[PDB]
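Remarks on the structure that follows.
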Amino acid sequence: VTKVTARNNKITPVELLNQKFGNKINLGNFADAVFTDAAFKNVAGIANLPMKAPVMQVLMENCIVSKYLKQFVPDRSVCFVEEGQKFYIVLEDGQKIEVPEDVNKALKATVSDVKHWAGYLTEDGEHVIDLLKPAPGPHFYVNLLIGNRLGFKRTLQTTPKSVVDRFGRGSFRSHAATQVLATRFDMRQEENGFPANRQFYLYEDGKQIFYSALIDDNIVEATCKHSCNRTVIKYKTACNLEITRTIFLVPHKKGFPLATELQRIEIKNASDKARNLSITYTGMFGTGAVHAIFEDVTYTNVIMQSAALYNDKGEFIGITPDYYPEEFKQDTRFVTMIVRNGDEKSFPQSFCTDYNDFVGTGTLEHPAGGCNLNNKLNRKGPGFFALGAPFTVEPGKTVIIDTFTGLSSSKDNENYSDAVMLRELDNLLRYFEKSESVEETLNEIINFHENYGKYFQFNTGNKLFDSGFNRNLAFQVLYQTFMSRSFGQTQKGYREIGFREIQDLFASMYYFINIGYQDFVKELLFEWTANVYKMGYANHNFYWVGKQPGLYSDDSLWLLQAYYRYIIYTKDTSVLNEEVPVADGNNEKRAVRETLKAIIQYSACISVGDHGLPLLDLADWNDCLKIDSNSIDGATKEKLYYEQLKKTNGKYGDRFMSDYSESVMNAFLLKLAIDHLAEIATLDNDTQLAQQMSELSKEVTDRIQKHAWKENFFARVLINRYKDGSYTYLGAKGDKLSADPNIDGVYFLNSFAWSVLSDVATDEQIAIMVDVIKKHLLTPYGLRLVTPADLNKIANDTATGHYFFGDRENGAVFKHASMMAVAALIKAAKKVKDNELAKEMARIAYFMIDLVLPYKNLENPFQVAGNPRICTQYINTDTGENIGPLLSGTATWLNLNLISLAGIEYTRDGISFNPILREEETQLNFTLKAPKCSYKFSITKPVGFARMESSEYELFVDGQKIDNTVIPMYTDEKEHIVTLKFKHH
Amino acid sequence: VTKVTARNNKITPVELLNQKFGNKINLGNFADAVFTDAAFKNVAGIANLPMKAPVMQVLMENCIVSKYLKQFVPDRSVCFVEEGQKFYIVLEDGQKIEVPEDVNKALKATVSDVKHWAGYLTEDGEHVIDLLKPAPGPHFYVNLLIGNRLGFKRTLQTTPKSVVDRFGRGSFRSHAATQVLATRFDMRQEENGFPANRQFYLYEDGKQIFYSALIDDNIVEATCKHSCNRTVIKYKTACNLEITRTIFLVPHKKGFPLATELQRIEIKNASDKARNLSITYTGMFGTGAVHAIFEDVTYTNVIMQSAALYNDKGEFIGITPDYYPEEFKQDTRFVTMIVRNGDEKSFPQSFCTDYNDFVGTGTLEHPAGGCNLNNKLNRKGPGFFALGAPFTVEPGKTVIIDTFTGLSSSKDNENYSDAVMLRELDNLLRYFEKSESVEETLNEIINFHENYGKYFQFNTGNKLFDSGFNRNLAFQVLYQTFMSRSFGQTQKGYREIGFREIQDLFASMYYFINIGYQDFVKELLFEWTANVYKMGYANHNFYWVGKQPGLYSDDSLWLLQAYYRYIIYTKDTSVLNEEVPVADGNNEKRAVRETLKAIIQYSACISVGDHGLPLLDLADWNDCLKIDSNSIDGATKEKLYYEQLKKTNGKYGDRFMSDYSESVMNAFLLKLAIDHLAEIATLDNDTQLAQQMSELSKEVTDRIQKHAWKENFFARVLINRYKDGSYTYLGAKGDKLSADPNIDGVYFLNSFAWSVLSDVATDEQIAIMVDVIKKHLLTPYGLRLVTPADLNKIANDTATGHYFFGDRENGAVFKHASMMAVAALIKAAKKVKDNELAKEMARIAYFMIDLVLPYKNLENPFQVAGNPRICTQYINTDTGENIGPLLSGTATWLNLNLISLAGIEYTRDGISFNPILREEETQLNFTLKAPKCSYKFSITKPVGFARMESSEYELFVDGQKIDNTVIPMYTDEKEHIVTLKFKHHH
Ligand SMILES: [Cl-]
Ligand SMILES: [Cl-]
Ligand SMILES: [Cl-]
Ligand SMILES: [Cl-]
């Protein structure tokens, strides 16, 4: 027997359709096709579609069309062609046959609005999704909801988060990986949570008429609306019922439970007769013993039971899971329902807590015992629940059903017990007693996010771009500030906060400072600073406490960038005097200034190699550069360094002798950190530190230029353990480590990116590196991280590849690294003397940006997939598809790059204004917010590339012409108009 | 707000029904009820049921009955009563109302055959299950299938196993935890595998008419039949189609894939017109990156793609998942289908490797794109597959569809690659080319399992008991021998073979030796012996290599029992001269005799405490006895012992000085091991070793009697770290560690069990311990492992418990320990001088056995649950429910106890015959096999307790009266008749 893989099947159905029917009928620009048999010999297809879409998949789903096609498809190839609003089927012999009337109607209905099969974005950037259409990808129809713990304790560690799909499916978490609603770990990326979560059934006379997660013949229209931090789903039934589901997380208030999700269900009777209905709201609680799910499911079942909840009047209101083991009694979950007939209030009348009893002989979509619940409290788990309530809807009236699903934790209370949960639940239910309270809370959420996004507002003509930046990107930046990489559609494991993830704060910081939350930014800075050891290295991860001390060599250097941004923007140098605990513990404290100095010393004097550059250690920002198999962490290095000092009679600050490899990216980060510290010291009137840092910066730049530049590129790694000279560096021409015979040497994008960002590379080096990037690192789908490399030569135990070509490490386009490179290109284009080179870099930067903007994913959704409102991780260079997860560094650097392209850069003297517009653009207007003032920026130019470095321009501030391009930060609480006009040449 | 837990809700619906209707109508012996509202104030129920069953749930599932009940509930309580073949509804005010005709008909239909709602057992012990009825428990409707790797390499590590439920759902594994069909790790115990596994749809004219996992209005009848190593499911449709699915694992043959599961689907047209139908067979391949499922699902999806398979003629035959990473490339999976119209052969015409496309806008039960597959090969995972084929069934004819789902592995081939899988698949498909080949293979499986269980055959009048022992228990013992505790309905993680699990071989050994596989038993013995270190300790776990050296103090001592059983039965002492590798590695080998001597020395001279008994170390057979928080494993103790010997100028064999605790269970195991080694040496003509072992046994018995007996019981552990005397022992009266104020001291069942089994306890001590057991350790649901204990005075970090009362460690009845105690009781009842004491112990033993026999679970299925063909782990002492998993030590010791109660015991001189029958029994007939002969045993007695120790009896062998009760092992290939008649008293 023989085997044929998916990738080895060269001929696609569309190619075969083009071959068979290309020269006989007009196939248009896009068409769809499907093989009619397992031999891949004949195809059935449809021609002239507005865009690529799985039209044949939907057509085969139709009984009439399938029946009609069955008389040709098995043996003959057919194609559908529309002429004069009339459909014909074309065979391989040229026969054109008019299809019957019913087939014609079915085809006309199907091909209608094909361009909207993936939904569309409103003027506010909200995604409107049809529930009956195929999904471009597992992440396309996903929305992320977050809580609000601002003004409370451990904001990062206690903010609730949730993921909601087009049908309301997903999971809900409270802190770390604590599950309120069960998460599903299965084979499919689409299944994030237990299927029963957030779903409900409506019964009329004991017979099911509605299920919230099934679109049947009784539903005439069903749509979902994904917006910022809330989801709305609307159904219309053939029996004239209007159903509206609104799902959102409750912002925290004093006395509330730690996590609470609210779903409001509005049932409106659009008929002229009163209807007596019943609602059954189902769900599944998440288990406390997550590990046991994979080890002992019986253990998870037998350690918990169900309990009923009653109010002060003795009426059943909800269910909770009760755990025996003490470790699982520190969190208490709850679900409650309330029914409002305008002003009358009623509570659920029945409940079920057994999945087997609920489903019975039916299925989850058609449960056999879904209407009449047995009211039996299960003695075991899992925490499945269903609450049933009857009600009556008068003609033209509406009934509301509010469901609160939440969790109380000991992480926010002392002497925690179930009594605490009961008290917090009582407070929550008292707060949401009136019907209008829910609407007020929703409006509060909406207004909070609208106001948060007002730090920077684009006002161009492109409504989609304006909405995507002003609302969607700002919300994603806030989300990645609170969570880092912990939760998502396919991010379901337990993850701690990585030290370098402070990169997120690079952007969100500004927003937070402009809604009066500067103290929150300071607290985040101090929390990160608390994870730096006395020597200078930092913990790699931390949620409640740090771990993995000094495992990676780059972690500590991002803190300098964060502090520089904060201090430059706010001018608040007092943070340097704050006493923060050191990661070593023992109740020792150190000033922030000393911690920054220690970081610089560790990365510049102690942990350095033979060439004076920082050591690679286990790895750096790039986790695949595991060159040294005998690497050591921070603590081992510290003890060995002290032993060396004692033995050699050295002094603290001397180099730690070894033959380990050196990282050039770390060298660039160190140079940038030293420059930032020099600027901070200058702002702090510390002249001695400023001049010392300036001299150290010059020394480090000289070392990098002398040892890292290799006549074609900046090397990525310097190798020191091969005395014979077989291998000495990696990441430039002549390194002898290229796995591609057509490429002489390996090239890393980060090399060029952070050589430009650190301000080490010169103009000639920038030009050479840009040429190399265009030659090798630039692909039709963007800038790839690195060219193929054969690391087995220098690291024998490097293992082999894990991914097909184009996926992740096998030549994919990582959007985070590409965005960093785009930042470097933007920075270079502002100051490079050569105008042609600047124009080329600007073109490359805009080309790369166009591949990352989420909204543009809706241009060809069924080819690029991704998500039209949330940034994804990487692009598959084999197919061009955008692949999750939804949380990554793409959003932060995209926001920074878009703001910098507008010309905004914060320096010691104010805003350094230097916009770089698109060639086709002729106008750019935006509004900027600042503590104590605001700006209205307008830029005008003719068609073509224009920049302040090599173009004639006029700049006015408040109507007064000015010469210097640095606009001061005003403090008069007024709005200042800035106008730039590029003269036509 | 306030909360009420399930256990705090004291009043049950049935109690309230009795209160409200008890004195007004006859409720019979059993009834069912449900609360009508969340306040638990009113009930609706039905009276006079044959047995407890969830009748009200089924009634609520009925639209007519629910509509009728809505007119009274939830405001008023109602009860259904059947008088004069007509149904009435009774209210709390005495009103009796005759229900309408439709309601009466529905109630009559539902109340019928309530006594068979959980199925029934055939005369062959096969479970017949109705697919429309509720499940007593998550394990009740489960069947386990195993392969056959006998005569091949690494039988334990390479035998395939599978679990099949009443609907055919489950998973399928090849070796270790390698998944052929996807396993599901979710919140529910019922979901063992992916829902689509082993399922198919039938379409007619493009419209779905049948789904194998859904019972709808088109299904008239649907039943499943669980038998030994095969499952059969039958459906009848309203359109006159008869569907039958037969699922079983293929026994291995040369050139076959390592794992292969075969499902045969027969479609018979019972109408008078030809039907043009289409079949779509679906499934999900298991992923190679199991950890990535919880870590990174995207990684799991992106590292694999789909590939199509074609035969020599170029015709599509199936799908396979193709992996890029090298680690997930040593195993290659496949699924293939073939359609037979009697003699004409055809292959699937379409396929769909994509769950989203298959389901479309519908569901898995009603897929939207299930009829017309898109024939698209997915570039990503997961390995979902559907194969579609059309066919035509003529009137009165049958169409067969054979599906082979399997896996080839590098564990059985050198230079493995995907080409090896193609070659093995070609061999398999060539073998199963004719239609009758599948039937021949099924008959071969059936005959093999029928012949395997002929070592011991009961021939009593109770057909259920005879089938449960002769067929079901034998198969379970074989299954546990091949898979110790690795796979099951709820045993879904990765587990290795524990050393203790050698206990399984205690039973299955005999069967194997009587089926021609003595060499297999020897290979298993040597494989276990290879995990014993030179010092004497053993690895705790091992699948391909051992791990955790000497982590537990009892592991090495079971090997002596295994060797004793084997050598005594076969008299093959040559195994003692075999050279086996030592667990230390370095290519060092040792003779078996020396390994046994080293085990004895380690447990008797080196690893001992202040009292001279074996050290507890981290723990012993009981994993909850973590008394010492500074325990060390075998290697640490070995290096410390060597440095101590060097420092103190000692010699090898001296005690390892320490203040660690001692285990009395280990002491009993050591005494039994020493006695066994003495007997082996005597059989081997090694007089010096026999004398040395006899003296050592006497000395160890003296130590145990002097330091372990505490005037009321045998202590469980001895404490040596408290010099002030605050605590010195645990497991007897006055130990000061009892957590129950009404019980003075803690008592362990294993203490008595292994004091009797090791032959250390005396008659007076046995009587005292039996009294204590009756006082404290005997409950209405059996013998509990241990009375409540504190264990916090001596171990500060002991935790606070994880289970509600009656579950596992919080007072449950563990069937394995109870069976060991029953073995001790049986052994004592045969030899104690006091006849009343023997009668009491026999009564207790039979009472405990009646709670463990799987078939009796069908007497009150909806209250005890369990499984009517497979033994479970423990009984919940709060409710009496039997709880899984299905694999445990219960089956082995139940088999041993049943055989011993029949009077069979193998000694040096032959069979020691000493039956112990039930008091009510008057006849016991059975047949026994020996490697060179066979016996027919018949025992007759009057009503009442009778034993050879205290009753007058006549024993005839081959018609000749004999005096000595030891029947020799004949070697003349004849059948010998043994008759034992107990004389009527007086
Ligand atoms: Cl995600
Ligand atoms: Cl890199
Ligand atoms: Cl199991
Ligand atoms: Cl024990």
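Every chain in the structure tokens takes a letter, A first, then B, and so on in the order presented; its residues are numbered from 1, and the ligands are numbered from 1 following the presented order.
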**Study point:** Shell of 10 Å around ligand 1 (only C-alpha atoms and all ligand atoms), written as a PyMOL selection string
**Key:** (chain A and resi 138-139+142-144+163+189+192+485-492+870+872-873+883-888) or (chain B and resi 298)
Exercise for review: Mind checking which residues fall within 9 Å of residue 159 (chain A), counting only C-alpha atoms, ignoring those fewer than 3 positions away in the same chain, and posting them as a PyMOL selection string?
Suggested key: chain A and resi 146-150+154-156+173-175+252+258-259+482-483
Close residues to ligand 3 using only C-alpha atoms and all ligand atoms, limit 6 Å, as a PDB file with N, CA and C atoms, in the first residue's frame:
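Result written to out39.pdb:
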```pdb
ATOM      1  N   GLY B 488      -8.139   1.276  32.069  1.00  0.00           N
ATOM      2  CA  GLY B 488      -9.481   1.040  32.561  1.00  0.00           C
ATOM      3  C   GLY B 488     -10.411   2.148  32.124  1.00  0.00           C
ATOM      4  N   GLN B 489     -11.648   2.080  32.619  1.00  0.00           N
ATOM      5  CA  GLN B 489     -12.627   3.114  32.302  1.00  0.00           C
ATOM      6  C   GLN B 489     -12.191   4.466  32.850  1.00  0.00           C
ATOM      7  N   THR B 490     -11.763   4.500  34.110  1.00  0.00           N
ATOM      8  CA  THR B 490     -11.316   5.725  34.758  1.00  0.00           C
ATOM      9  C   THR B 490      -9.825   5.711  35.064  1.00  0.00           C
ATOM     10  N   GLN B 491      -9.114   4.664  34.659  1.00  0.00           N
ATOM     11  CA  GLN B 491      -7.662   4.583  34.810  1.00  0.00           C
ATOM     12  C   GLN B 491      -7.055   4.989  33.471  1.00  0.00           C
ATOM     13  N   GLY B 884     -15.269   2.014  41.379  1.00  0.00           N
ATOM     14  CA  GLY B 884     -14.119   1.608  40.609  1.00  0.00           C
ATOM     15  C   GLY B 884     -12.831   2.109  41.226  1.00  0.00           C
ATOM     16  N   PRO B 885     -11.708   1.938  40.521  1.00  0.00           N
ATOM     17  CA  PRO B 885     -11.555   1.404  39.161  1.00  0.00           C
ATOM     18  C   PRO B 885     -11.789  -0.097  39.068  1.00  0.00           C
ATOM     19  N   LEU B 886     -11.852  -0.622  37.846  1.00  0.00           N
ATOM     20  CA  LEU B 886     -12.154  -2.029  37.625  1.00  0.00           C
ATOM     21  C   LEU B 886     -10.952  -2.941  37.827  1.00  0.00           C
TER      22      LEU B 886
END
```
Review point. What residues in region 601-734 of chain A get the DSSP label helix (DSSP H, G or I)? Please answer as an MDAnalysis selection string.
Key: chainID A and resid 601:606 634:648 664:683 687:707
Considering only C-alpha atoms and all ligand atoms, tabulate each residue of chain A that lies at most 6 Å from ligand 2 along with its nearest interatomic pair and the corresponding distance in Å to one decimal; arrange the rows by chain and ascending residue number and present them as CSV.
```
residue,atom,partner,partner_atom_place_in_ligand_line,distance
A:622,CA,ligand 2,1 (Cl),4.8
A:748,CA,ligand 2,1 (Cl),5.8
A:750,CA,ligand 2,1 (Cl),4.8
```
Kindly work out which residues sit at most 12 Å from ligand 4, using only C-alpha atoms and all ligand atoms, and give the list as an mmCIF file with N, CA, C and O atoms, in the first residue's frame.
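To be explicit, this is the file written out as pocket03.cif:
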```cif
data_model
loop_
_atom_site.group_PDB
_atom_site.id
_atom_site.type_symbol
_atom_site.label_atom_id
_atom_site.label_comp_id
_atom_site.auth_asym_id
_atom_site.auth_seq_id
_atom_site.Cartn_x
_atom_site.Cartn_y
_atom_site.Cartn_z
ATOM 1 N N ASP B 554 8.475 -3.337 51.510
ATOM 2 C CA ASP B 554 7.822 -4.633 51.390
ATOM 3 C C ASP B 554 7.936 -5.250 50.003
ATOM 4 O O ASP B 554 7.566 -6.415 49.835
ATOM 5 N N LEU B 616 10.367 0.377 58.434
ATOM 6 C CA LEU B 616 9.221 0.822 57.651
ATOM 7 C C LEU B 616 9.658 1.608 56.422
ATOM 8 O O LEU B 616 8.991 1.567 55.384
ATOM 9 N N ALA B 619 7.415 3.787 53.433
ATOM 10 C CA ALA B 619 6.150 3.125 53.705
ATOM 11 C C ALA B 619 6.215 1.661 53.297
ATOM 12 O O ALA B 619 7.221 1.201 52.749
ATOM 13 N N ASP B 620 5.138 0.930 53.560
ATOM 14 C CA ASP B 620 5.023 -0.478 53.210
ATOM 15 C C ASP B 620 3.754 -0.654 52.392
ATOM 16 O O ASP B 620 3.227 0.328 51.861
ATOM 17 N N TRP B 621 3.281 -1.893 52.242
ATOM 18 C CA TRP B 621 2.071 -2.141 51.465
ATOM 19 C C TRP B 621 1.024 -1.055 51.681
ATOM 20 O O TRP B 621 0.358 -0.643 50.725
ATOM 21 N N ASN B 622 0.864 -0.578 52.912
ATOM 22 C CA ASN B 622 -0.024 0.543 53.189
ATOM 23 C C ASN B 622 0.709 1.846 52.902
ATOM 24 O O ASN B 622 1.705 2.162 53.560
ATOM 25 N N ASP B 623 0.218 2.603 51.926
ATOM 26 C CA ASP B 623 0.867 3.834 51.498
ATOM 27 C C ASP B 623 0.527 5.028 52.378
ATOM 28 O O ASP B 623 1.102 6.103 52.183
ATOM 29 N N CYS B 624 -0.388 4.874 53.332
ATOM 30 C CA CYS B 624 -0.755 5.954 54.234
ATOM 31 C C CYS B 624 0.083 5.986 55.503
ATOM 32 O O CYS B 624 -0.053 6.929 56.289
ATOM 33 N N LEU B 625 0.940 4.989 55.724
ATOM 34 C CA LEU B 625 1.764 4.927 56.929
ATOM 35 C C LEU B 625 3.107 5.622 56.697
ATOM 36 O O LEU B 625 4.173 5.007 56.678
ATOM 37 N N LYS B 626 3.037 6.939 56.516
ATOM 38 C CA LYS B 626 4.229 7.767 56.344
ATOM 39 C C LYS B 626 4.593 8.351 57.705
ATOM 40 O O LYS B 626 4.554 9.559 57.933
ATOM 41 N N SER B 663 8.026 -2.162 60.804
ATOM 42 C CA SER B 663 6.751 -2.606 60.261
ATOM 43 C C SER B 663 6.511 -4.059 60.645
ATOM 44 O O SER B 663 7.364 -4.918 60.402
ATOM 45 N N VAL B 664 5.349 -4.330 61.240
ATOM 46 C CA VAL B 664 5.028 -5.694 61.641
ATOM 47 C C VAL B 664 4.471 -6.491 60.466
ATOM 48 O O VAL B 664 4.668 -7.710 60.390
ATOM 49 N N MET B 665 3.772 -5.833 59.541
ATOM 50 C CA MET B 665 3.381 -6.503 58.307
ATOM 51 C C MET B 665 4.606 -7.005 57.557
ATOM 52 O O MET B 665 4.611 -8.125 57.031
ATOM 53 N N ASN B 666 5.655 -6.184 57.495
ATOM 54 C CA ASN B 666 6.900 -6.627 56.886
ATOM 55 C C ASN B 666 7.478 -7.816 57.637
ATOM 56 O O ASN B 666 8.045 -8.726 57.028
ATOM 57 N N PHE B 714 -1.971 -7.600 67.321
ATOM 58 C CA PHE B 714 -0.602 -7.429 66.863
ATOM 59 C C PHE B 714 -0.422 -5.993 66.395
ATOM 60 O O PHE B 714 -1.170 -5.517 65.534
ATOM 61 N N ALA B 715 0.557 -5.301 66.968
ATOM 62 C CA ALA B 715 0.798 -3.920 66.593
ATOM 63 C C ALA B 715 1.154 -3.830 65.114
ATOM 64 O O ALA B 715 1.691 -4.765 64.516
ATOM 65 N N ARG B 716 0.828 -2.688 64.512
ATOM 66 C CA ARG B 716 1.107 -2.456 63.102
ATOM 67 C C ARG B 716 2.521 -1.938 62.869
ATOM 68 O O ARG B 716 3.235 -2.456 62.008
ATOM 69 N N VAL B 717 2.937 -0.918 63.615
ATOM 70 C CA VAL B 717 4.289 -0.388 63.531
ATOM 71 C C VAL B 717 4.814 -0.165 64.940
ATOM 72 O O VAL B 717 4.045 0.015 65.889
ATOM 73 N N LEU B 730 1.933 1.427 67.375
ATOM 74 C CA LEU B 730 0.643 1.793 66.811
ATOM 75 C C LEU B 730 -0.019 0.537 66.271
ATOM 76 O O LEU B 730 0.626 -0.251 65.575
ATOM 77 N N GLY B 731 -1.295 0.353 66.593
ATOM 78 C CA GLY B 731 -2.049 -0.758 66.049
ATOM 79 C C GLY B 731 -2.489 -1.774 67.080
ATOM 80 O O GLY B 731 -2.615 -2.961 66.768
ATOM 81 N N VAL B 746 -5.823 1.774 67.957
ATOM 82 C CA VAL B 746 -6.062 1.605 66.529
ATOM 83 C C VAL B 746 -5.834 0.144 66.183
ATOM 84 O O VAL B 746 -4.971 -0.524 66.760
ATOM 85 N N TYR B 747 -6.626 -0.367 65.244
ATOM 86 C CA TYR B 747 -6.529 -1.758 64.824
ATOM 87 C C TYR B 747 -6.477 -1.824 63.308
ATOM 88 O O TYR B 747 -7.296 -1.200 62.629
ATOM 89 N N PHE B 748 -5.517 -2.579 62.786
ATOM 90 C CA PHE B 748 -5.343 -2.768 61.354
ATOM 91 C C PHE B 748 -5.748 -4.186 60.985
ATOM 92 O O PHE B 748 -5.336 -5.145 61.644
ATOM 93 N N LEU B 749 -6.558 -4.314 59.934
ATOM 94 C CA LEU B 749 -6.979 -5.636 59.483
ATOM 95 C C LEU B 749 -5.787 -6.464 59.022
ATOM 96 O O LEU B 749 -5.713 -7.670 59.292
ATOM 97 N N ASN B 750 -4.842 -5.833 58.324
ATOM 98 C CA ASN B 750 -3.698 -6.568 57.800
ATOM 99 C C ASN B 750 -2.879 -7.202 58.912
ATOM 100 O O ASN B 750 -2.262 -8.249 58.700
ATOM 101 N N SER B 751 -2.866 -6.601 60.103
ATOM 102 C CA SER B 751 -2.133 -7.197 61.212
ATOM 103 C C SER B 751 -2.623 -8.613 61.482
ATOM 104 O O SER B 751 -1.846 -9.573 61.454
ATOM 105 N N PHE B 752 -3.929 -8.765 61.705
ATOM 106 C CA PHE B 752 -4.492 -10.090 61.930
ATOM 107 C C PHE B 752 -4.333 -10.966 60.696
ATOM 108 O O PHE B 752 -3.950 -12.142 60.797
ATOM 109 N N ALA B 753 -4.612 -10.405 59.518
ATOM 110 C CA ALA B 753 -4.587 -11.204 58.299
ATOM 111 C C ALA B 753 -3.231 -11.867 58.109
ATOM 112 O O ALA B 753 -3.145 -13.082 57.900
ATOM 113 N N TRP B 754 -2.158 -11.090 58.197
ATOM 114 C CA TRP B 754 -0.829 -11.609 57.924
ATOM 115 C C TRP B 754 -0.155 -12.205 59.148
ATOM 116 O O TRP B 754 0.890 -12.845 59.003
ATOM 117 N N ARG B 784 -13.574 -3.126 57.240
ATOM 118 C CA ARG B 784 -12.848 -1.915 56.897
ATOM 119 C C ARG B 784 -11.362 -2.084 57.184
ATOM 120 O O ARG B 784 -10.955 -2.873 58.040
ATOM 121 N N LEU B 785 -10.546 -1.330 56.445
ATOM 122 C CA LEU B 785 -9.101 -1.517 56.510
ATOM 123 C C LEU B 785 -8.551 -1.199 57.894
ATOM 124 O O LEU B 785 -7.706 -1.936 58.414
ATOM 125 N N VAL B 786 -9.008 -0.108 58.508
ATOM 126 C CA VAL B 786 -8.446 0.344 59.774
ATOM 127 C C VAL B 786 -9.479 1.208 60.475
ATOM 128 O O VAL B 786 -10.285 1.883 59.831
ATOM 129 N N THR B 787 -9.454 1.182 61.802
ATOM 130 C CA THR B 787 -10.287 2.059 62.602
ATOM 131 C C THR B 787 -9.724 3.477 62.582
ATOM 132 O O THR B 787 -8.564 3.688 62.223
ATOM 133 N N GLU B 809 -9.958 6.409 51.987
ATOM 134 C CA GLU B 809 -9.212 6.401 53.238
ATOM 135 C C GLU B 809 -10.047 6.807 54.443
ATOM 136 O O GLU B 809 -9.564 6.685 55.573
ATOM 137 N N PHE B 814 -12.012 -1.606 51.590
ATOM 138 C CA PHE B 814 -11.148 -1.956 50.471
ATOM 139 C C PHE B 814 -11.227 -3.457 50.235
ATOM 140 O O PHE B 814 -10.909 -4.249 51.127
ATOM 141 N N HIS B 816 -9.515 -5.506 48.382
ATOM 142 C CA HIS B 816 -8.268 -6.264 48.361
ATOM 143 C C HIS B 816 -7.849 -6.671 49.771
ATOM 144 O O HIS B 816 -7.553 -7.844 50.036
ATOM 145 N N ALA B 817 -7.824 -5.710 50.695
ATOM 146 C CA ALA B 817 -7.472 -6.024 52.076
ATOM 147 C C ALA B 817 -8.505 -6.947 52.707
ATOM 148 O O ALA B 817 -8.152 -7.857 53.469
ATOM 149 N N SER B 818 -9.785 -6.725 52.411
ATOM 150 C CA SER B 818 -10.820 -7.604 52.936
ATOM 151 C C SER B 818 -10.644 -9.023 52.417
ATOM 152 O O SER B 818 -10.874 -9.990 53.148
ATOM 153 N N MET B 820 -7.751 -10.401 51.531
ATOM 154 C CA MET B 820 -6.618 -10.973 52.256
ATOM 155 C C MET B 820 -7.037 -11.435 53.649
ATOM 156 O O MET B 820 -6.636 -12.514 54.109
ATOM 157 N N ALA B 821 -7.856 -10.636 54.333
ATOM 158 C CA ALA B 821 -8.373 -11.048 55.634
ATOM 159 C C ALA B 821 -9.252 -12.287 55.520
ATOM 160 O O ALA B 821 -9.235 -13.141 56.409
#
```
Practice item. Please measure the separation of CA of residue 653 (chain A) and CA of residue 536 (chain A), giving the value in Å to one decimal. Key: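 Distance between the two atoms: 11.3 Å.
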Check your understanding: Which residues, written as a PyMOL selection string, have at least one atom at most 12 Å from residue 113 (chain B), with only C-alpha atoms counted and residues fewer than 5 positions away on the same chain left out?
Key -> chain B and resi 49-51+53+55+107-108+118-120+130+133
Exercise for review: Compile the residues of chain B that lie within 6 Å of chain A, evaluated using only C-alpha atoms, and express the compilation as number ranges by chain.
Suggested key: B: 1-6, 37-38, 61, 185, 187, 294-295, 303, 306-312, 325, 349-350, 368-369, 375, 377, 379, 382, 422, 493, 802-803
